[PDB]
């Protein structure tokens, strides 16, 4: 049984019920259509969440500040479905580029475990400041099939 993928919600249910749940009860999460997008997180001085829609699926994009930053992508779907994708997270700044590429986690795997193992893009504040505008950080997120 699947739990709410948003990084104060104690909702549980089927996999097919996840998207309806997010749409009705978390109306404030923005969704973007496209396989190559910019996740522009504002005021990095905390969780930011959006959804990216492509290849007929929805991916939850999360940036968390615990200081260190963790950026991760998770498929609203099964592990089997997730294994058909690759995601890329890129920070770009003045003649510097940091890139992280992996298989998206299923929401069943959650992101606590991936975060605790630094299995995602991990960067600290000095780095965040370095790629960021005025406390705004643009992450280029690209999803592809394999």
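Between two forms, the rigid core is the largest collection of C-alphas that superpose within 1.5 Å. Numbering follows the first chain given and starts at 1.
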Once the rigid core is matched, which of the two stretches, 85-93 or 22-30, lies farther off on average in 7 other deposited structures of this protein by C-alpha?
22-30
What is the count, as a class, of unmodelled deposited residues between residue 45 and residue 46: none, 1 to 3, 4 to 9, or 10 or more?
4 to 9
Select between 114-122 and 55-63 the stretch whose C-alpha atoms have the higher average B-factor in the entry.
114-122
Return whichever of 94-102 and 27-35 has the greater mean Cα B factor according to the PDB record.
27-35
Pull the Cα B-factor of residue 79 out of the PDB entry and bin it into the chain's lowest, middle or highest third.
middle
Quick check for you: using the entry's CA B-factors within this chain, is residue 146 in the lowest, middle or highest third?
highest
